[PDB]
Amino acid sequence: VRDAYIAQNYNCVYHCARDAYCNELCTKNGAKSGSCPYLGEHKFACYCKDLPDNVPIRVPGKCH
Ligand SMILES: [Cl-]
């Protein structure tokens, strides 16, 4: 388990404005919770806590 910015194809984050959207997204993917931090390694993106190891996450590289 780990905390991280969840990703969609291909190596892209889920952009957001509200924590509620991210919490729903993260928990539906097996995480404990989720939020929409404004600043961070990836701005305005969903951040999940206690996410299952098999869920795709954002890694170094360009979203495509
Ligand atoms: Cl996903």
Side-chain angles (χ1 to χ4, degrees):
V1 186
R2 68 221 170 182
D3 304 340
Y5 288 102
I6 186 170
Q8 65 183 113
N9 300 310
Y10 295 99
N11 194 28
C12 303
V13 303
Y14 282 81
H15 285 297
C16 54
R18 292 179 55 192
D19 295 329
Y21 163 72
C22 292
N23 188 244
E24 176 177 60
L25 170 66
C26 289
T27 57
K28 287 189 175 306
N29 276 282
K32 179 180 183 175
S33 66
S35 66
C36 182
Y38 283 24
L39 300 178
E41 197 164 318
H42 287 287
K43 300 179 293 184
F44 297 101
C46 288
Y47 191 75
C48 306
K49 288 191 172 176
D50 293 51
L51 189 74
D53 65 305
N54 61 307
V55 176
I57 62 176
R58 187 77 167 71
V59 293
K62 187 188 182 68
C63 154
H64 56 293

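Counting begins at 1 with the first residue of the sequence. Quick note: numbers below take in every heavy atom, side chains included, and nothing from hydrogens, waters or symmetry partners.
Under a cut-off of 6.0 angstrom, the local environment of CD in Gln8 is crowded, with over 12 non-hydrogen atoms contributed by other residues, nucleotides or ligands. Atom CZ of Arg2 has more than 12 heavy atoms from other residues, nucleotides or ligands within 6.0 Å.
The one candidate from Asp50, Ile57, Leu51 that meets the side chain to side chain contact (heavy atoms under 4.5 Å, CB included) condition with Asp3 is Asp50.
Across all non-hydrogen atoms, the minimal contact from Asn23 to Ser33 is ND2-CA, 3.3 Å. Residues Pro52 and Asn29 share a closest heavy-atom pair of CD-O, 3.5 Å. Minimum interatomic distance between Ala31 and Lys49 (heavy atoms only, all atoms of both residues): CB-O, 3.5 Å. Among all heavy-atom pairs drawn from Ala17 and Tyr38, the shortest one is O-OH, 3.4 Å. Of all heavy-atom pairs spanning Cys46 and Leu25, the tightest one is SG-CD2, 3.9 Å. Contact detail for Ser35 and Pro37: the closest heavy-atom pair is O-CD, 3.2 Å.
With contacts defined as side-chain heavy-atom distances shorter than 4.5 Å, the pair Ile6/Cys48 qualifies. Between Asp53 and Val1, every side-chain heavy-atom pair lies at or beyond the 4.5 Å cut-off. The shortest side-chain heavy-atom distance between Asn11 and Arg58 falls under the 4.5 Å cut-off.
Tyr5 and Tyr47 have perpendicular rings, their planes meeting at more than 60° on a 0 to 90° scale where under 30° would count as parallel.
Between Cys16 and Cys36, the SG-SG separation falls below 2.5 Å.
Of the possible donor and acceptor atoms, one in the side chain of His15 sits under 3.5 Å from a partner among the backbone N and O of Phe44.
Within the model, atoms NE2 of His64 and SG of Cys12 stand 7.0 Å from one another, a figure rounded to the nearest 0.5 Å.
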